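Engineer: I'd like to ask you about the structure that follows.
Throughout, read-outs are computed from the coordinates displayed, never taken from laboratory work. Virtual Cβ from ideal backbone geometry, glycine too; neighbours counted across all protein chains shown.
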Amino acid sequence: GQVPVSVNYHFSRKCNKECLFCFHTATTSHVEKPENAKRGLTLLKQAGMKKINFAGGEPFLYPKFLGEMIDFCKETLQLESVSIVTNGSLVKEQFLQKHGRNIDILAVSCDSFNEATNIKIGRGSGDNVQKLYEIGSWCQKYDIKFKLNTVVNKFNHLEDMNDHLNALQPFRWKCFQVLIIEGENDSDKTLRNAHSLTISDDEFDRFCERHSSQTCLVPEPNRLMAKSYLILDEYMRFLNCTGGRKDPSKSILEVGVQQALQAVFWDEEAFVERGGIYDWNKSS
Ligand SMILES: Nc1ccn([C@@H]2O[C@H](COP(=O)(O)OP(=O)(O)OP(=O)(O)O)[C@@H](O)[C@H]2O)c(=O)n1
Ligand SMILES: C[S@@+](CC[C@H](N)C(=O)[O-])C[C@H]1O[C@@H](n2cnc3c(N)ncnc32)[C@H](O)[C@@H]1O
Ligand code: SF4
Ligand SMILES: [Mg+2]
Ligand SMILES: [Mg+2]
């Protein structure tokens with residue numbers, strides 16, 4: 001079966017923000033108790049996991065859990081790469097002082113350098129850019145690789161962000177085409193409806209061309225993003241995106257990694273093509 005080399009653990013669906021396009025919505029509030037999460041991460045390490053990305057939901061709503069799992073993954077499991085993806089609003093310098101030795105990469109999601117755009121998207125109330133520059137400084141102080149995540153959508157796809165990227169200098173800048181997932185952001189009935197925010201393949205290509213001088217840019221059109229991730233939900237079930245859905249396997253805590261992965265689609269050619277294997281720690 002497939003080797004789960006790089007895994008996203010969406011350990012909670014709770015979030016403090018209202019992004020209109022969110023594709024991983026607040027449909028539950030279950031979080032595994034730490035002994036269960038540690039068991040799951042151990043099974044993944046044994047299956048060949050080298051990199052773990054803590055996601056959600058907003059991970060910094062759970063600093064006690066997140067700190068425990070980061071320290072366990074780096075100190076006990078000896079993973080090559082421990083990363084977090086965050087909206088940045090609840091990141092405190094004290095967390096980076098306490099756990100920063102165990103954090104390889106911190107990714108901050110910021111879709112625009114124009115505050116009126118961040119407000120229209122639902123990601124903040126006007127302080128996202130100032131917070132992003134402060135987190136960038138903290139990553140330099142505590143020796144953490146600084147990563148920026150941008151969702152390219154109808155509200156920001158015409159924006160020129162070169163001047164801010166030249167000041168921030170993230171080692172890695174993910175540019176995601178906004179993606180529709182059935183049961184998350186596709187319906188009148190879901191917690192979000194992203195259909196008004198979608199862009200064409202040509203609009204996404206023009207965004208990337210506008211930023212051709214940024215060597216850190218990692219573009220992810222829908223064809224590369226949809227099925228190229230190994231996604232563990234808040235019950236440590238793999239989510240299968242074959243349908244354009246997020247259909248859960250059995251928990252790795254019930255059937256093990258191999259049985260859970262067996263009937264999950266993971267497009268390894270797409271994963272390699274988007275740059276899923278990279279220099280993901282400081283010694284790289
Ligand atoms: N159909 C999909 C595809 C991706 N994602 C999520 O989108 C996020 C993308 O964040 P990113 O920073 O790309 O994740 P990493 O795995 O850390 O990226 P990399 O290792 O390439 O730096 C991940 O949490 C991933 O699980 C999702 O929820 N549904
Ligand atoms: C769901 S968030 C979870 C982590 C954290 N709450 C955050 O926003 O960074 C994970 C990543 O997916 C991005 N994202 C969310 N919805 C998306 C969508 N519909 N299409 C593409 N990327 C999306 C986010 O902006 C973020 O970089
Ligand atoms: S993308 Fe926005 S709404 Fe979705 S989990 Fe991250 S901050 Fe929350
Ligand atoms: Mg570090
Ligand atoms: Mg150009």
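Engineer: If I go through the range 155-172 residue by residue, how many of them are surrounded by fewer than 17 Cβ atoms within 10 Å (Cβ to Cβ) and outside any helix (DSSP H, G or I)?
Structural biologist: 4
Engineer: Filter the range 52-82 down to the residues that are buried (at least 19 other Cβ atoms within 10 Å of the Cβ), in a helix (DSSP H, G or I) and among the β-branched types (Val, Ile, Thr) and list them by number.
Structural biologist: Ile70
Engineer: If you don't mind, there's one more thing I want to ask. Residue check, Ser283 against (1) surrounded by 19 or more Cβ atoms within 10 Å (Cβ to Cβ); (2) free of Cβ contacts under 8 Å to residues at least 40 places away in the same chain, all met but one. Which one?
Structural biologist: (1) is the only condition that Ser283 fails.
Engineer: Okay, moving on. Evaluate the following for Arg192: is it in contact (Cβ under 8 Å) with a residue 40 or more places away in the chain and either surrounded by fewer than 18 Cβ atoms within 10 Å (Cβ to Cβ) or within 12 Å of ligand 1 (Cβ to nearest atom) (or both)? Even if it seems obvious, please write down each step before you answer.
Structural biologist: Numbers: in contact (Cβ under 8 Å) with a residue 40 or more places away in the chain: yes; either surrounded by fewer than 18 Cβ atoms within 10 Å (Cβ to Cβ) or within 12 Å of ligand 1 (Cβ to nearest atom) (or both): no.
Criteria not met by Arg192.
Engineer: Could you say whether any residue in the range 246-258 is outside any helix (DSSP H, G or I), more than 26 Å from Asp279 (Cα to Cα) and either among the aliphatic types (A, V, I, L, M) or within 13 Å of ligand 2 (Cβ to nearest atom) (or both)?
Structural biologist: Among the residues of the range 246-258, at least one is outside any helix (DSSP H, G or I), more than 26 Å from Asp279 (Cα to Cα) and either among the aliphatic types (A, V, I, L, M) or within 13 Å of ligand 2 (Cβ to nearest atom) (or both), which makes the answer yes.
Engineer: While we're on this one: Scan the range 250-263 and tell me whether some residue there is more than 30 Å from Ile144 (Cα to Cα), of a type in the set (D, E, K, R) and more than 17 Å from the chain's Cα centre (by Cα).
Structural biologist: Yes, the conditions are met somewhere in the range 250-263.
Engineer: Ok, one more. Among the residues of the range 89-117, which ones are under 15 Å from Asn149 (Cα atoms) and either surrounded by 21 or more Cβ atoms within 10 Å (Cβ to Cβ) or out of contact with any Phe, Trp or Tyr (no Cβ under 8 Å at 6 or more places or on another chain) (or both)? So that I can check it myself, show each step before the final result.
Structural biologist: First, the residues of the range 89-117 that are under 15 Å from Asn149 (Cα atoms): 89, 105-113.
Correct list: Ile105, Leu106, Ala107, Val108, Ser109, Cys110, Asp111, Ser112, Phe113.
Engineer: Right, something else. Out of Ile135, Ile105, report the one residue that is over 25 Å from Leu191 (Cα atoms), in contact with a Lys or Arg (Cβ under 6 Å, 6 or more places away or on another chain), within 15 Å of ligand 2 (Cβ to nearest atom) and of a type in the set (A, V, I, L, M, F, W, C). Write out each step before concluding.
Structural biologist: Numbers: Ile135 fails: in contact with a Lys or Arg (Cβ under 6 Å, 6 or more places away or on another chain).
Result: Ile105 is the single residue among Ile135, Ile105 that is over 25 Å from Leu191 (Cα atoms), in contact with a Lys or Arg (Cβ under 6 Å, 6 or more places away or on another chain), within 15 Å of ligand 2 (Cβ to nearest atom) and of a type in the set (A, V, I, L, M, F, W, C).
Engineer: Considering only residues of the range 139-154 that are assigned to a loop (DSSP other than H, G, I, E, B) and within 15 Å of ligand 2 (Cβ to nearest atom), which is surrounded by the most Cβ atoms within 10 Å (Cβ to Cβ)?
Structural biologist: Restricting attention to the range 139-154, the residues satisfying the condition of being assigned to a loop (DSSP other than H, G, I, E, B) are 142-144, 153-154.
After this cut, where a residue has to be within 15 Å of ligand 2 (Cβ to nearest atom) as well, the list is 153-154.
Values: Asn153: 25, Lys154: 17.
Out of the qualifying residues, it is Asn153.
Engineer: Scan the range 1-51 for residues that are near ligand 3 (Cβ under 9 Å from one of its atoms) and loosely packed, with under 14 Cβ neighbours inside 10 Å and jot them down.
Structural biologist: Result: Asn16, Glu18.
Engineer: Another question about this same structure. Are there any pairs with C-beta distances below 8 angstrom linking a residue in the range 220-244 that is on the phi > 0 side of the Ramachandran plot to a residue that is buried (at least 18 other Cβ atoms within 10 Å of the Cβ) and assigned to a helix (DSSP H, G or I), with the two at least 6 apart or on different chains, and if so which?
Structural biologist: Cβ pairs passing all conditions: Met236/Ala37; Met236/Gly40; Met236/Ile252.
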